[PDB]
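Both counts, for ligands and for their atoms, begin at 1 and track the order of listing. Just so you know, these numbers use all the heavy atoms, side chains as well, and skip hydrogens, waters and symmetry mates. Counting begins at 1 with the first residue of the sequence.
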Amino acid sequence: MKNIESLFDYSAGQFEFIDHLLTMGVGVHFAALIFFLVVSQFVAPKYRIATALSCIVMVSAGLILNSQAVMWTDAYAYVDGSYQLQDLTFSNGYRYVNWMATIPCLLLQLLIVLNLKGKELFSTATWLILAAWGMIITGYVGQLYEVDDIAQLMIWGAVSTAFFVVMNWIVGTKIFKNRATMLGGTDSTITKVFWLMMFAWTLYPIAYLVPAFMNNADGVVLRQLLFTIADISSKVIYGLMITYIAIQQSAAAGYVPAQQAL
Ligand SMILES: CCCCCCCC/C=C\CCCCCCCC(=O)OC[C@H](O)CO
Ligand SMILES: CCCCCCCC/C=C\CCCCCCCC(=O)OC[C@H](O)CO
Ligand SMILES: *C/C=C(C)/C=C/C=C(C)/C=C/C1=C(C)CCCC1(C)C
Ligand SMILES: CCCCCCCC/C=C\CCCCCCCC(=O)O
Ligand SMILES: CCCCCCCC/C=C\CCCCCCCC(=O)O
Ligand SMILES: [Cl-]
């Protein structure tokens, strides 16, 4: 009842489009899961955890998208020409809780292919995960107010954005100071990964703000469309680039299975 989805009835077209976006997302993530599993054998031991992390991200996100899809169909029934709320079973809060797990995985796979190790790896991962959890937790509290108190959504969102900015500064600083260590020309690729991340991750706060600027049933659809674009870009496309970097550096380091695969 704290999310705008509960305020509206939906046309068949709106309801089915949201359902199809979520189910398509499930399929894309589980198809990518198989790809990452199969190619892990072509990654040198030093980087193989990066591809395993993509597998974990695919199943984590795919399970949450599947849960959202079933919750969506459980919550609404077609009555008198529209889909109307029957049960309090749908909310976006499950996405936020899941980010507590998937964001650390996405960040850790980056640090691994950047060739960080030992104390710098552990220290950098700790600050990044704390910053990310601060961003997620404050955003989670903010969206509890997207119906009742837009001013509160905005203030928690400002606090969350401060964590996002500091997190991005840590990431960008480590990338630019370490790309010279990267093998096989991936010093160029990693810069594109950073820009892909900046673009894709910024779509999430835009979705968070939909209740402030498009508080209607079409805004509900737009938010799910933005989450879909952002999920595929930040998890699947990003994961494919991380895997490319991992295989390319593996081959440059003399790992035969990587050399033959390329
Ligand atoms: C009264 C309410 C409380 C107000 C306070 C809440 C807001 C504080 C937010 C950010 C400050 C922390 C930023 C400090 C981060 C420095 C550590 C760091 O980033 O290390 C990166 C390094 O590159 C890796 O080795
Ligand atoms: C809540 C409202 C507060 C609004 C606050 C607005 C300030 C935005 C500024 C920067 C965004 C952070 C983007 C980080 C981009 C990476 C920067 C970086 O990596 O620096 C390069 C490095 O110095 C080379 O060695
Ligand atoms: C696969 C999921 C990903 C990459 C999720 C990323 C989420 C964010 C970058 C969330 C950012 C937020 C803000 C910067 C302020 C508004 C609240 C958030 C949590 C939506
Ligand atoms: C309060 C929360 C703090 C969370 C900190 C998490 C720390 C994680 C640190 C690094 C994990 C990396 C483990 C795998 C190392 C891979 C390196 C390799 O095998 O080449
Ligand atoms: C996620 C990015 C967050 C950006 C920070 C928000 C910037 C705040 C700008 C002006 C706030 C104006 C407050 C007006 C409250 C409206 C109350 C209402 O109409 O219900
Ligand atoms: Cl997720």
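For ligand 3, the atoms closer than 4.0 angstrom to any heavy atom of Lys235 are 1 (C), 2 (C), 3 (C). Per-residue contacts place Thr161 under 4.0 angstrom from the following atoms of ligand 3 (heavy atoms of the residue considered): 15 (C).
Of the protein's non-hydrogen atoms, the one nearest atom 1 (C) of ligand 5 is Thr161 OG1, 3.6 Å. Given atom 4 (C) of ligand 3, the protein heavy atom at minimum distance is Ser234 OG, 3.5 Å. If you check which protein heavy atom lies closest to atom 12 (C) of ligand 3, you get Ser160 OG, 3.9 Å. With respect to atom 20 (O) of ligand 5, the closest heavy atom belonging to the protein is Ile150 CB, 4.5 Å. What sits closest to atom 8 (C) of ligand 5 on the protein, heavy atoms only, is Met154 CB, 4.6 Å.
Taking every heavy atom of both residues into account, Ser233 and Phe199 meet most closely at OG-CE2, 4.4 Å. Heavy atoms only, all atoms of each residue included: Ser60 and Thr102 are closest at OG-CG2, 3.4 Å. For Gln14 against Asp9, the heavy-atom pair with the smallest separation is OE1-O, 4.3 Å.
In this structure, atom 16 (C) of ligand 5 is not in close contact with the protein, since no protein heavy atom lies within 4.0 Å of it. Inside a 4.0 Å radius of atom 12 (C) of ligand 5 there is not any protein heavy atom.
Residue-level proximity to ligand 3 for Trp201 is carried by backbone and side chain together, each with a heavy atom below 4.0 angstrom. When non-hydrogen atoms are compared, ligand 3 lies under 4.0 Å from neither the backbone nor the side chain of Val57.
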*In sequence, state the C-alpha distance, the side-chain angles, and the governing distance for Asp74 and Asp87, and then conclude on side chain to side chain contact (heavy atoms under 4.5 Å, CB included).*
CA-CA 7 Å; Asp74 277 349; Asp87 203 11; over 6 Å; no
*Take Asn92 and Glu146 through the side-chain hydrogen bond (donor to acceptor under 3.5 Å, both in side chains) test and state the conclusion after the steps.*
CA-CA 11 Å; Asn92 296 294; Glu146 70 177 36; 4.8 Å; no
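No donor-acceptor contact under 3.5 angstrom links the side chains of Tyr208 and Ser160, judged on distance only.
Note: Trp99 and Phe227 have perpendicular aromatic rings, judged against thresholds of 30 and 60 degrees for the angle between ring planes. Ring orientation note: the planes of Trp72 and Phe15 are close to parallel, at an angle under 30° on the 30°/60° scale.
Proximity annotation for atom 10 (C) of ligand 3: of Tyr204, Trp156, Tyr238, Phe227, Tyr204 comes nearest, heavy atoms only.
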